Amino acid sequence: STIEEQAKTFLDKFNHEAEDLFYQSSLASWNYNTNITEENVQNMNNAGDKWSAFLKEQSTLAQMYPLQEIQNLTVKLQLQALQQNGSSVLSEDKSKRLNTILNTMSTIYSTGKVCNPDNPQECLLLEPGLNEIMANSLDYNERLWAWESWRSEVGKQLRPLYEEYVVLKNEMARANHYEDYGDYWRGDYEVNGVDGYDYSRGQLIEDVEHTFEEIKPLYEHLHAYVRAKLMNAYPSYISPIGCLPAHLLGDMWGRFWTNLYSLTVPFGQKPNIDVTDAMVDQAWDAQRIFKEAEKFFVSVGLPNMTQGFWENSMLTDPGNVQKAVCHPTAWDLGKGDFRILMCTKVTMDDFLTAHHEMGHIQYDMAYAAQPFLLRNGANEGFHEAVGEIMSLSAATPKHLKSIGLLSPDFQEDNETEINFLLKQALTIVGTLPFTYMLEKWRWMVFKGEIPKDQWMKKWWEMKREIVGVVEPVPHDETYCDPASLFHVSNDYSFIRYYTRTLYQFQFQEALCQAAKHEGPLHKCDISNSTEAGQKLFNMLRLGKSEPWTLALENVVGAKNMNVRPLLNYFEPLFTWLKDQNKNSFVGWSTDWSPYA
Amino acid sequence: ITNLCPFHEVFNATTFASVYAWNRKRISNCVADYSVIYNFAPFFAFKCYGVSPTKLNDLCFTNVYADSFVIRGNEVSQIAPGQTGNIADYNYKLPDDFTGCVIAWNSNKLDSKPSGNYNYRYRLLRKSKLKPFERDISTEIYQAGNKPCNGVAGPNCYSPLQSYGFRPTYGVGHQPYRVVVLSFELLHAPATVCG
Ligand SMILES: *[C@@H]1O[C@H](CO)[C@@H](O)[C@H](O)[C@H]1NC(C)=O
Ligand SMILES: *[C@@H]1O[C@H](CO)[C@@H](O)[C@H](O)[C@H]1NC(C)=O
Ligand SMILES: *[C@@H]1O[C@H](CO)[C@@H](O)[C@H](O)[C@H]1NC(C)=O
Ligand SMILES: *[C@@H]1O[C@H](CO)[C@@H](O)[C@H](O)[C@H]1NC(C)=O
Ligand SMILES: *[C@@H]1O[C@H](CO)[C@@H](O)[C@H](O)[C@H]1NC(C)=O
Ligand SMILES: *[C@@H]1O[C@H](CO)[C@@H](O)[C@H](O)[C@H]1NC(C)=O
Ligand SMILES: [Zn+2]
């Protein structure tokens with residue numbers, strides 16, 4: 001007879017119907033991914049259309065209940081999710097042109113190819129050939145050519161489309177209750193109505209700024225070391241005071257520095273820990289890899305896997321006539337159906353990937369009890385953070401020796417630990433300033449702070465001031481450099497990776513303190529620690545029911561994201577960097593540029 | 001032998017209808033033999049509240065009530081005395097002092113279809129809680145809103161029933177389980193049934 005009582009029954013009915021419809025959409029997607037055929041494509045399209053129609057109908061129904069009249073703080077969250085207004089609030093023509101812009105951008109990025117001038121002999125796409133050249137080639141001229149060619153091929157086409165896109169998304173946000181699309185994206189972290197645990201949209205900006213200000217010294221030392229090594233590699237193209245050039249970073253954008261490990265490895269005599277030959281010599285396969293990962297997740301305290309999981313999941317690529325996508329993915333089909341789609345091979349990387357995916361599935365099992373609208377991670381970062389913490393925990397030499405992959409007679413030294421920490425640094429620390437800079441530029445563009453005539457100028461100035469990266473050839477307003485990245489082209493939130501990077505280290509610090517570990521944080525194994533598993537489960541079982549601040553409190557004892565876990569993790573490598581760069585000018589100057 | 005109790009018919013029925021209208025079977029005047037009951041498939045949940053399973057043969061009962069239905073795996077725990085839950089309060093409520101045996105065994109091998117077996121249904125909207133041992137088969141438009149439903153559905157007006165969709169790929173906890181609740185009644189009249 002009241003708003004709350006009416007809303008409860010509607011939410012129950014919607015949850016029950018959505019369970020079945022989402023299950024048939026997810027099963028259609030799984031069938032298509034495992035076995036690609038025209039029938040499967042039709043089935044997936046039909047299931048997706050049905051699910052979208054159901055979501056639209058229920059969203060239009062749910063607007064009747066005002067959110068000022070609901071005082072459960074859970075029905076309020078479910079109704080907010082339903083009333084998020086995924087259906088366009090703008091006009092039909094405006095929605096059509098927005099979809100047109102998105103489709104055109106995605107198609108341009110996916111089908112972008114580069115050939116030789118007036119020469120159709122070779123035409124390289126992005127992933128197959130251009131990424132390979134950027135990752136492996138050591139030719140400065142070739143790298144500059146590839147970088148400039150990709151930018152000229154994609155940004156010139158994508159600039160006006162992205163301008164129309166930012167105008168349209170700002171209009172959409174103003175049509176909704178948000179200010180700009182940056183505000184819309186920042187709303188994922190907004191928590192209101194819970195005094196003592198609230199998070200505001202504006203607080204994310206300040207939190208990220210403070211975290212990066214804390215990270216700055218370690219990144220500066222890493223940049224100095226990488227710059228010194230790249231000066232050793234390319235003699236005169238790098239200035240001892242200048243910023244690192246963009247095309248030499250390792251990948252087409254500079255998101256990850258992992259490709260620089262071979263050139264800038266500190267100690268090459270002692271090889272990094274490899275277990276592929278050992279696994280072959282002990283006759284291991286993917287099924288027993290997943291069995292060992294299941295044993296690890298049991299030992300930490302998480303529940304065992306399902307017989308249905310083992311029967312339905314395809315952990316090996318069928319090959320032959322069958323063709324399937326080989327990108328590893330953990331599927332929570334719903335109603336007890338948990339599956340992994342991974343063309344697993346006998347590699348240490350695949351072992352860690354299997355641990356990552358089983359962490360995903362354990363999280364999915366943990367939040368299974370909560371309603372459908374709440375069956376997710378507390379924010380966009382915890383889910384991959386939980387994957388990554390297990391990935392790091394299962395890669396320790398102690399764990400490898402315990403499982404038996406390594407010879408127990410082995411002992412570890414300083415060089416191996418330093419090399420491993422520097423590799424993980426190039427993987428993890430390097431992507432933080434880039435993510436921060438890209439998200440800040442995108443937020444400013446959405447807010448309209450950066451004018452159209454100065455988009456790229458401000459972009460490169462902020463990159464030079466923050467990431468210490470300068471373009472080889474100066475680019476005027478015609479080019480649109482950020483549109484080259486897949487996330488920017490397809491309009492995906494990108495601060496998720498920054499948040500996940502902080503969250504995984506906070507989780508690791510908390511769980512290592514729980515597991516009664518003595519020593520540096522990198523050599524932390526939580527294999528047989530039952531207390532750590534329960535301490536993590538306290539958050540894993542919640543899902544989205546509680547605010548992410550409360551979940552972070554439950555895990556680490558702090559209501560705000562902290563970077564001291566990252567600093568403590570990289571303390572030994574920071575000491576090594578201080579020792580190495582004692583004679584090198586740490587930092588960079590904006591004046592220097594490759595072009596003169 | 002003179003008589004047998006139709007225990008092989010209460011099970012092995014190939015169809016249990018639904019739980020919103022649970023099949024009620026009354027058995028009397030037969031020779032009680034539980035060999036076939038124990039020889040059927042291993043039971044996920046076999047709890048007896050009134051008598052020990054062996055001493056069931058020692059105690060003679062005039063009226064034996066059999067209730068057969070299919071529910072999800074996790075809803076079995078709701079079928080117990082003093083349990084609160086959707087199925088317990090809106091589909092089939094056992095009494096607080098219930099004396100009988102609850103027998104449940106998996107039916108995924110038989111009653112699950114890939115397309116989705118929507119035959120089985122359960123009730124998720126009722127005006128009040130059900131009295132013990134009651135069957136409510138009335139299905140009219142639930143009036144959640146303060147405006148009259150006027151016999152139609154849509155805004156604030158729903159249907160009382162929602163079906164399970166049972167498919168073999170489902171994991172444990174949502175697979176269909178066959179439950180046959182046996183209820184024993186004792187009243188002051190000549191029983192004349194023993195052995
Ligand atoms: C509404 O509040 C009650 C508190 O008595 C809680 O048990 C219930 O779970 C809340 N509703 C939802 C949908 O969680
Ligand atoms: C969603 O769009 C509808 C369109 O009529 C509007 O009435 C409603 O206020 C919108 N809700 C939000 C939260 O923007
Ligand atoms: C359940 O967990 C136990 C150990 O806790 C394990 O031995 C068993 O194999 C698991 N069940 C399945 C079906 O994997
Ligand atoms: C894919 O599914 C179809 C229909 O179920 C089946 O006939 C076929 O053998 C499967 N595999 C391939 C490679 O088509
Ligand atoms: C510790 O690491 C340093 C690296 O500078 C190395 O010189 C030293 O020999 C290492 N200590 C031992 C005991 O190997
Ligand atoms: C963890 O427990 C397993 C099972 O008892 C044992 O084999 C292993 O040695 C333990 N880990 C360590 C580091 O001892
Ligand atoms: Zn992940």
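Residue numbers start from 1 in every chain, and the chains themselves are labelled A, B, ... in the order their sequence lines are given, proteins ahead of strands.
- At most 12 non-hydrogen atoms from other residues, nucleotides or ligands lie less than 6.0 angstrom from CD of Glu92(A).
- Heavy atoms closer than 4.5 Å to chain A are found in both the backbone and the side chain of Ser159(B).
- Side-chain contact between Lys13(A) and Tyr142(B) is absent, with no heavy atoms from C-beta onward closer than 4.5 Å.
- Around the NZ atom of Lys109(B), the shell of radius 6.0 Å holds no more than 12 heavy atoms that belong to other residues, nucleotides or ligands.
- Only the side chain of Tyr158(B) comes within contact range of chain A, with heavy atoms under 4.5 Å apart.
- How far OH of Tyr170(B) is from CG of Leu333(A): 10.0 Å, rounded to the nearest 0.5 Å.
- Taking a 6.0 Å sphere around CZ of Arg24(B), one finds it holds more than 12 heavy atoms contributed by other residues, nucleotides or ligands.
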### Task
Could you walk me through whether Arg167(B) and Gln24(A) pass the side-chain contact (heavy atoms from CB on, under 4.5 Å) test, one step at a time?
CA-CA 10 Å; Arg167(B) 292 157 230 247; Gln24(A) 295 152 177; 2.6 Å; yes
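- Neither the backbone nor the side chain of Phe338(A) comes within less than 4.5 Å of any heavy atom in chain B.
- Heavy atoms of other residues, nucleotides or ligands lying less than 6.0 angstrom from CZ of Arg375(A) number more than 12.
- Counting heavy-atom neighbours within 6.0 Å of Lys47(B) NZ, excluding the residue itself, gives a total of 12 or less.
- Here the straight-line distance linking atom CG of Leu125(B) with atom CG of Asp12(A) works out to 7.5 Å at 0.5 Å rounding.
- Residue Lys50(A) qualifies as open at atom NZ: its count of foreign heavy atoms under 6.0 Å is 12 or below.
- Defined by atom type and a distance below 3.5 Å, a donor-acceptor pair is present between the side-chain atoms of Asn156(B) and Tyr65(A).
- The number of heavy atoms from other shown groups lying within 6.0 Å of OH (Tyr32(A)) does not exceed 12.
- More than 12 non-hydrogen atoms from other residues, nucleotides or ligands lie less than 6.0 angstrom from NZ of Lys291(A).
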### Query
Could you go step by step and tell me if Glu5(A) and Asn146(B) meet the side-chain contact (heavy atoms from CB on, under 4.5 Å) rule?
CA-CA 11 Å; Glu5(A) 296 169 31; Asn146(B) 289 337; over 6 Å; no
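- Between the side chains of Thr169(B) and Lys335(A), no donor N or O sits under 3.5 Å from an acceptor N or O.
- Distance alone, capped at 3.5 Å, is enough to place a donor-acceptor pair between the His16(A) side chain and the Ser163(B) backbone.
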